[PDB]
Amino acid sequence: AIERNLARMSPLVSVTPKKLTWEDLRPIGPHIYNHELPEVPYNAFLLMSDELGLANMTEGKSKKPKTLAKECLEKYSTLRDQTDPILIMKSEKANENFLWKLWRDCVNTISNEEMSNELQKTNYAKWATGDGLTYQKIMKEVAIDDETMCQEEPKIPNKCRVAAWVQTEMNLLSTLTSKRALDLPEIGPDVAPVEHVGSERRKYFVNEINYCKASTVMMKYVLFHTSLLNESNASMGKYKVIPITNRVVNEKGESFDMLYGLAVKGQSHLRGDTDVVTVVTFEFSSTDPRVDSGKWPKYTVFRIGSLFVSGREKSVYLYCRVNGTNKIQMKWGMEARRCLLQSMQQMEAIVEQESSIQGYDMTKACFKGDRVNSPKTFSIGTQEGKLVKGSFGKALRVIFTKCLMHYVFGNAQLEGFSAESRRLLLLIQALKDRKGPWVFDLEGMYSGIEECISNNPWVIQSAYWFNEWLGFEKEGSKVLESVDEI
Amino acid sequence: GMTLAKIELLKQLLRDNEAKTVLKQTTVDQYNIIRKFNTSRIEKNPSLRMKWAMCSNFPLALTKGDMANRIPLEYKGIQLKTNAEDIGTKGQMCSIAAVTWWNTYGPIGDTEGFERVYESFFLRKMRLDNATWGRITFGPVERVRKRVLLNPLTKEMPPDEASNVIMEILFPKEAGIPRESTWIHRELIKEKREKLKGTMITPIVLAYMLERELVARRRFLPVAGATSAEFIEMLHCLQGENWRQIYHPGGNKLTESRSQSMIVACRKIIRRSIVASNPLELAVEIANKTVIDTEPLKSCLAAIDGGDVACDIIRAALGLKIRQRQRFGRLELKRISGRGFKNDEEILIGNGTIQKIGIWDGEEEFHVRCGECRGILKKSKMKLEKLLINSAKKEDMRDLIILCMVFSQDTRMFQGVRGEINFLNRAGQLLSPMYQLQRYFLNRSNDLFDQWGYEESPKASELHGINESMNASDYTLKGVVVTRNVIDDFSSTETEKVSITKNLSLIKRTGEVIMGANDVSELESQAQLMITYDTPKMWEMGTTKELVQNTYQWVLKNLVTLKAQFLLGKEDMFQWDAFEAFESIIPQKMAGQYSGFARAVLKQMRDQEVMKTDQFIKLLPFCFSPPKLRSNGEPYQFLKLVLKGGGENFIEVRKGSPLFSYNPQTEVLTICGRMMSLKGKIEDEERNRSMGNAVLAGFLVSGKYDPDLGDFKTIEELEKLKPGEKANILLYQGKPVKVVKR
Amino acid sequence: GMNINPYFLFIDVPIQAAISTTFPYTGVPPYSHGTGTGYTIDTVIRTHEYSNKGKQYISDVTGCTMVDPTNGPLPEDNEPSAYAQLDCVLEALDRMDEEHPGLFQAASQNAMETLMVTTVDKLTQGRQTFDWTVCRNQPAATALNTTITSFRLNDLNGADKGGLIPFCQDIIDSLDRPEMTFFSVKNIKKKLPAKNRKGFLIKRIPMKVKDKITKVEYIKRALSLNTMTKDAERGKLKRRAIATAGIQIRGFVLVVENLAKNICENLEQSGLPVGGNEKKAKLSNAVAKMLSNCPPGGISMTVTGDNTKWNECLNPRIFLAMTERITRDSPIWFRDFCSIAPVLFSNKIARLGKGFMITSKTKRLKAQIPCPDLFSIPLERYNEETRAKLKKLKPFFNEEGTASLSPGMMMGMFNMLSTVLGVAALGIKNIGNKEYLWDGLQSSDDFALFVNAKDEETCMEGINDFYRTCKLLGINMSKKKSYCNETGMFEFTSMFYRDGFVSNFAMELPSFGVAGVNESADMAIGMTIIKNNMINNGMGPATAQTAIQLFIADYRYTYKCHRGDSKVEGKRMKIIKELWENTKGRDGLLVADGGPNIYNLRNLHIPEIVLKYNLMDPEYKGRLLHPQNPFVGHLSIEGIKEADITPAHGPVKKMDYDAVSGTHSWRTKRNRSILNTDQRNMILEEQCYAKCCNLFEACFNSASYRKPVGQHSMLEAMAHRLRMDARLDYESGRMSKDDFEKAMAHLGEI
RNA sequence: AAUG
RNA sequence: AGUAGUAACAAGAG
RNA sequence: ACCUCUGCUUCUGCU
Ligand SMILES: [Mg+2]
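Protein chains in written order, with our numbering: chain A, 294 to 779; chain B, 975 to 1716; chain C, 188 to 937.
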């Protein structure tokens, strides 16, 4: 009965399979290349590579974050006492007067002698947090008899093009610093030789992550989300000042307290998990917002003073932004240290795959080298259209930065983009292994990929890097067509 | 008394008329329903609820009673508990600082009898503490996913039988109908009632710990090396995919696990040493430095009375009185004379299926024992002939009769299979069929005793014919003799006849053979105890993937000397002492033809100057065996080279394989998943050097694919061509080449 | 001017060996906001669109509009068609029975023997269930209990006999009841006078009455499936709807899924119900079998496949024929039992949801339009997409706010029977004696197809015939997601085979946090998770020790228990520092009391109290291990044993930990949001139950460990146990001659 | 060899 | 405003 | 009622 049902079905019901070649691999996302669309702005929570911390040396202790911010501002009292706003950049639907009044309220409340960091509900605080903006719930008959109450058209994300700052963040966060912001606790003493091997390998794998800038940014995010969740559940009907802090250790062991800004919490009676609490963040920086003004249309920037780092005069700008979060993003911000593991294991497995080829441990022989083995190098960059190799530790920092940008710029667009471009990665891999892959409907694959590229900066720069990497994979495959040369 | 309090509480509950209707209407089964009635809800995101709730004021609930009142309302400003009672427990709600107040200033309770309740945990810690660690080695490890026991047990019982044991230990007045498990487990029940004597731990925790230490947890885990439970509890720190750690736990290792690990060790030593030159020397050499987890191999060979075939050969090689004691489950046999031979045959079994069971040529005689019953047995192929059993307990006679019926592979037991017997795993790996038949007929042998075939009994004054109840009758089963005399079962241990040759064959004092090196099993299994070789090159006693990867790593490391003294020296490179461990995993019917093919390929590459360095690495380790040709003075032609074990253990000659892949774009070799960069060891023009010159034996490349020779030719077609002939050949998918033989 | 490209790692490492860097599983999983009525109406529209060329009719039971695609016309294009032909399905099942003889009879007999000894309390083990009495989603043991206590008011007593078969008999006999009485809750308002404005104080108290519905209303409530949105689903941009069935289909879906499990366990190609390393061993054996079987010179290929529209394009009318084909040699009563779940699934009625919200932006007002009132408003007051959906829902919209959904199996609940149908598609292996052979692997909607043939064109001909064959059974293979390469690397259920299954550490990365049971269980769960990922998922020693450090840091910041010599502040650290100054054995304190972390790789499998019992103060170990601490409470054995963790891909898996019951085994408070709703009487209704059960375990102490069996009342068993206890008290001197008279007089009253 |  | 993204929150209830 | 409850507790019908 199957042979007779297949003999009478139409010949139009088929897979129509097409043999995949390199020429069928067009670049994904052409609309990110055209210049009519605006370039994608900065929409992260806190500043990442444009950050600037106000250091203050301490003696390896803990204290209240109010007293930490109070001492860090007492050191830099010139920036604390500046009561004259020099407006540089203003967001469109913002209020430069209300945001400067809120900054002065945060400074005057974080620097008094009371132990309470609560903020009074003035008109500028009620504007910046948003008070009475929820709609009234009326009954269904009173609204069914109405004719003006229509169902709203829900907003679709915009379409943006490649902004040049995402490459700048990727380049700057992968570079080493001299500070160590990690707070890794102790484990038990070692008895088995596997524990000694793990500790010796951790002393390589953890320092490279620890000195880079991305770990400092990660710890800033983790500590701010922890204190913000605690103050959201603790004091619900209160506006509270929450200082953005981090504790940092230099190369000689002297601790410091970096204060990156202040942040106001709204009124968080968060019942549902997707309910939003409004956070108004004021953050210090030294980056002129008019160099790259297509990056900050969401920020209101003031110029509040100048600093002398060693002998040079860097300006200090204040970036003010209304923002928001929910309980789910705060919970995933507390669990944001796991970007270590996904970066460490993927490299550590590689080290283990070296050791089975060589018989001994190859962590020093991959990070630094030895008498026999050369150091390990990976293609990791691009300079003037050519390749750039780097060390094992630079590749570890690059994967750690990638796994941090998965958290910071991570929404449903990134989920859909990764899940739909993984198939295209596996098709490119099947072309590289000379397995000879076949596709049935390739344009459906591209059409399913391209619907998630709307306004996420990591998705647009990932499409840009995929096009660049695919162009590098096409021109290197020409030695595979030249085999047997008949 | 606590009885009149419950009667007063029952008189109290009858006044609540809702509780009166609930007590009168709900049956005792439906209690299991109404216990789970609440106003709660299974939280779909519990980590978010914990992080959100720990920041609140009073996130916990207290049990209502006198112990929650000992926590004060506040402690130095910190409000510990509040007056708002909970919905579920009807007790007060406390903060998480009340837990630390209890741990710091609370009442001190009587923790008497604590180390006897959690004795499984303290025994786990004792096995960790009294342990020793060894070296850690880096190298390939092939893990096999096997169903193993997670934690060791006090006594392994079925879960209903263990539930009956726990109900007899803890709640004896509610055990219900008595089973026969109470009489078997009476000393365990008395011991476990002595140990849990005066403790105040609630009986639900005692039942959880007793169920933890009696009921087995068996799961699928990746296991390489040791699979006993004291090693499965440290499997996370034992070995990985690319490293191994030598470890020996505390306590005391068993005897069955010691004997099985000794059998695995002797089988591996014999399986390595057979393909060697002067096999007895390497057999004694490897056997002298083998350690079964704490102790040398000779101590286990001189202390344990078992071991099947390979153990006798290693015993007589070290110098030891052999013990020819087989153990078919619980059937302890010892041969007298007779030498069977194992050969696979597709038995068409009784339920209507085909199984490749091994049957034995020859005619054999045994002294058999099961439990406290003994006997003598004599058989041939699929034919139970004689069975003279001594008189003992009835069910022990039953077990011995069933085991001797199963052992002889008699067709009245093959066709007597009428039931549900699964000769395969749920994960689709091979179970041993004879042990399946043995475990089936140990319970349901009424079909066997129905269709076994009856006859009359010998009516001598010393013999007694048996019915199915093992009593005196005459409608007897065919071939069962019950004499009242003695038999002296295992006392006649006397054979001072080791006298081994080179090829590991135990030749007797008369002059014949009783054991052979072509007699051991081929079914490699994982040892229960960890097994170490304190030697250089332990890896030669490894699996197929490990041997392939280590041999290819060794060829790759020493590539310059091999290639230079192959271009200069002629016939030293093949007979190399590092390739015996590679012929240890090639089947002995194919290894000589493989060697002739690979030697002809490499000779063809060196004579006319076309050299593919990937083909050299690929077909170098196959060259060690002495070659076998065809009858035309021509070698064989192969498409793949098949190694021992599995179906993915093959080396494709033309394309890549699982075990061997080569990428010419990146110049990267892949051996078993590991990537060795060949960049810097290949020549200059080796990407325009022809590939079909190194594919067949005596077949160069004559040009591009031409349709005047017809279609592609297979290996049997190329094996029957004239010398000086053109043909067409597909190398891999996309490269057809016109090829001249010779 | 060097610019970093993170894809360039794939130049040096293969992609399958670096696939953990292609999973963004540290970001937030996408949650749905607001209603899920749009996705429900989209599911209804897409289900009736893929089967609109079949037989339409109006049911003479309920009145709804039913569509029948089975034995409909053959498709003419590559749209997803649900027109499954019956003869093709029966020929596939007959070839599957010929390949495995005796399988169907053995599976049916095992399922019947398992049904004959199943109790009603098996229906308390599935998380949320649609309650028809209150028309909501409830826990299963409350939906079941309300069903039983409402069945008692109608002379339906299949729950007293204790078996599952009399309860299912009363379920299918309640469909013939002309009226149904149940317990519902209304509200009565009340005036309180005071000194106030705008009148008086309004006190509306909810109280419990008996509400009665008609026959057809009860039949429509029994066939209903409530619908929600799938929250926290990774790997998709746009959301989808899920369903939840009532308690009157659970007893039958239990037996049909048990029968399909007995079939799936014995098939070499079903990747179900196996899981973990058992699934890895089975699929590795299958691939290694099919790789050593290609012809010499022939080409083997592997299709990495996905199935599009799997839930909408199947049919209960095909599953009815499958349960009539599999149970051929069974008794007639079992054939009537196993043919009720596809009958209730072929007549199901989708409840839509919460409706849509209409807002006035100028006046800043909003209101929630429910699903009965969806069409009591002009369609020009919806947006474009919702108005387009409401134009197409209208031929299937029941007037009480639900929708008729006859074709398609919404959200599943037949994940092993659809696996059986896919395996029956896989076992045909050839059409028309052409020179190829296929086989493959099949989980619930996920396949992997291996084809051995002469050359690649014959392989694509075999793949084309597999596609056309699967069209005949209702299996619409996706084309935008399936691809095909040579044999040696593929993907199946997020497992990536490249000459062996590679490790994917990222998919187990969200499970590495604090699990959230209590302080005692979370440390055991965390160390067990690190241990299991060292064994299974390829985590090395350095990453495992980094995971120990990160877990103890997250544990301390979650539970607010830092070290005592640290100087952190808080309401709990003020007493942790007091504990640190009093304790001499400071290395014996737990981590939850400010002690040091003591774990490393060698002791991940030992509990924390057992690791530190020989280092504790006797006062600290006395207070921590108190027999009667007020934090532990009334214990059940699975609460001590297990805790449920949900993976990022798949249903929830319970894992079992080892922990000592100390003062850190506390329980969180009950969510008190019910104190303001209309369900406050269900508080009292719970605390009427609990007292009774808390007396029962007083009389029968084994009731927590053993399940109590018996058809007698709960008062008779307790009265007999108390009478025997009093008799054996007076016959041992442990009572008086007067207190025995008091006890026996009270029992004479009872 | 197992222990579902 | 803003978070966000096919629909919500920007407190709800008495 | 500058009073109280709530922070995962589900809205067919009482509306
Ligand atoms: Mg798939």
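Beta carbons are placed, not taken as given, at the ideal position from N, Cα and C, and that holds for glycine.
Worksheet item: Going by beta carbon distance, what residues of the same chain come within less than 6 Å of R1663/B, once the five residues before and after it are set aside?
Response: Translated into positions along the second sequence, residue 1663/B becomes position 689. So the list reads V1584, once near-sequence residues are dropped.
Practice prompt. Compute the Euclidean distance between the alpha carbons of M1183/B and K1171/B, then round it to the nearest angstrom.
Written response: Here the question's residue 1183/B lines up with position 209 in the second sequence. Here the question's residue 1171/B lines up with position 197 in the second sequence. Our two residues, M1183/B and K1171/B, have alpha carbons roughly 15 Å apart in a direct line.
Discussion item. Quick check: what's the CA-CA separation for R538/C versus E404/C?
Written reply: For this step, residue 538/C is matched to residue 351 along the third sequence. For this step, residue 404/C is matched to residue 217 along the third sequence. For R538/C and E404/C, the distance between alpha carbons rounds to 13 Å.
Discussion item. Quick check on the burial criterion: 16 or more other C-beta atoms within 10 angstroms. Buried or exposed for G703/A?
Written reply: Taking the first sequence and counting its residues from 1, the one referred to as residue 703/A is at position 410. Label assigned to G703/A: buried.
Item to complete: Could you round the C-beta distance between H907/C and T850/C to whole angstroms and report it? I think they count as a contact, below 8 Å.
Response: Counting from one through the third sequence, the residue named residue 907/C turns up at place 720. Counting from one through the third sequence, the residue named residue 850/C turns up at place 663. Not a contact, Cβ separation roughly 38 Å.
Worksheet item: How about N1006/B and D318/C: do their beta carbons lie closer than 7 Å?
Response: In the second sequence, the residue the question calls residue 1006/B occupies position 32. In the third sequence, the residue the question calls residue 318/C occupies position 131. Taking 7 Å as the Cβ cut-off, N1006/B and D318/C do not qualify as a contacting pair.
Fill in: Pairwise C-alpha distance: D1493/B and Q1298/B
Here residue 1298/B refers to the residue found at position 324 of the second sequence. Here residue 1493/B refers to the residue found at position 519 of the second sequence. About 14 Å.
Worksheet item: Any beta-carbon of chain C closer than 7 Å to the one on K1712/B?
Response: Indexing the second sequence from 1 puts residue 1712/B at position 738. Answer no: the Cβ-Cβ gap between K1712/B and chain C never drops below 7 Å.
Worksheet entry | Closer than 6 Å: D493/C CB and nearest ligand 1 heavy atom | Walking along the third sequence from the start, residue 493/C turns up at place 306. Yes - ligand 1 has a heavy atom lying nearer than 6 Å to the Cβ of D493/C.
Discussion item. Quick check: the Cα distance between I535/A and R614/A, rounded to an integer number of angstroms?
Written reply: Numbered from its first residue, the first sequence carries residue 535/A at position 242. Numbered from its first residue, the first sequence carries residue 614/A at position 321. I535/A and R614/A: Cα-Cα distance of roughly 15 Å.
Worksheet item: Do the segment 214-227 of chain C and the segment 416-429 of chain C touch if we need at least three Cβ pairs shorter than 8 Å?
Response: Counting Cβ pairs under 8 Å, three or more are found: they touch.
Practice prompt. Compute every distance between the C-beta of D633/C and the non-hydrogen atoms of ligand 1, then say whether any falls below 6 Å.
Written response: Translated into the one-based positions of the third sequence, residue 633/C becomes position 446. For ligand 1, at least one heavy atom lies less than 6 Å from the Cβ of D633/C.
Worksheet entry | Amino acids of chain A, ordered along the chain, whose beta-carbon sits closer than 8 Å to that of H220/C | Taking the first residue of the third sequence as position 1, residue 220/C is located at position 33. Per Cβ cutoff of 8 Å: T567.
Discussion item. Against chain C, does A712/A count as a neighbour if the rule is that its beta carbon must be under 7 Å from one of theirs?
Written reply: Counting from one through the first sequence, the residue named residue 712/A turns up at place 419. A712/A counts as touching chain C.
Worksheet item: Taking the alpha carbon of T320/C as the point to measure from, which residue in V372/C, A475/C, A269/C, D357/C has its own alpha carbon closest?
Response: Numbered from its first residue, the third sequence carries residue 320/C at position 133. Nearest C-alpha to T320/C among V372/C, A475/C, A269/C, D357/C: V372/C.
Discussion item. So, at 7 Å on beta carbons, what are the nonlocal neighbours of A629/A in its own chain, with the 5 sequence-adjacent residues on each side left out?
Written reply: The residue labelled residue 629/A in the question sits at position 336 within the first sequence. If we look at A629/A and ignore the five residues flanking it on each side, its Cβ neighbours are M511, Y514, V515, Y700.
Practice prompt. Given a cut-off of 7 Å, decide if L1613/B and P483/C are closer than it, judged by their beta-carbon atoms.
Written response: Your numbering for residue 483/C matches position 296 in the third sequence. Your numbering for residue 1613/B matches position 639 in the second sequence. In this structure, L1613/B lies closer than 7 Å to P483/C by Cβ.
Worksheet item: Counting contacts by CB-CB distance shorter than 7 Å, is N1077/B in contact with chain C?
Response: Here residue 1077/B is taken as the residue at index 103 of the second sequence, counted from 1. Under the Cβ distance rule, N1077/B counts among the residues neighbouring chain C, one pair being separated by less than 7 Å.
Item to complete: Could you tell me the distance, in whole angstroms, from the CA atom of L290/C to the CA atom of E695/C?
Response: Translated into the one-based positions of the third sequence, residue 290/C becomes position 103. Translated into the one-based positions of the third sequence, residue 695/C becomes position 508. Their backbone Cα atoms lie some 36 Å apart in a straight line.
Worksheet item: Could one say the Cβ of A485/A lies closer than 7 Å to chain C's Cβ atoms, at least one of them?
Response: Position 192 of the first sequence, counted from the start, is the residue given in the question as residue 485/A. Output row for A485/A: interface = yes.
Discussion item. So if I threshold CB-CB distances at 8 Å, which residues from the segment 891-924 of chain C count as touching chain B?
Written reply: For the segment 891-924 of chain C, which is checked against every Cβ of chain B, the residues closer than 8 Å are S891, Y892, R893, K894, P895, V896, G897, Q898, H899, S900, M901, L902, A904, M905, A906, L909, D912, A913, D916, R921, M922.
Worksheet item: Is the Cβ of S648/A closer than 7 Å to any Cβ of chain B?
Response: Position 355 of the first sequence holds residue 648/A. Interface residue, yes.
Worksheet item: Taking a cut of 7 Å between CB atoms, which residues from the segment 749-763 of chain C lie near chain A?
Response: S753, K754, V755, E756
Discussion item. Within 10 Å of its beta-carbon, does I1323/B have 16 or more other beta-carbons around it, so buried, or fewer, so exposed?
Written reply: The residue labelled residue 1323/B in the question sits at position 349 within the second sequence. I1323/B should be labelled buried.
Item to complete: Pull up the distance between the alpha-carbon of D581/A and that of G826/C, whole angstroms please.
Response: As a position in the first sequence, residue 581/A is number 288, starting the count at 1. As a position in the third sequence, residue 826/C is number 639, starting the count at 1. Separation of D581/A and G826/C (C-alpha to C-alpha, rounded to the nearest whole angstrom) is 58 Å.
Fill in: Short CB-CB distance (under 7 Å) between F1553/B and chain C
The count along the second sequence starts at 1 and reaches residue 1553/B at position 579. Answer no: the Cβ-Cβ gap between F1553/B and chain C never drops below 7 Å.
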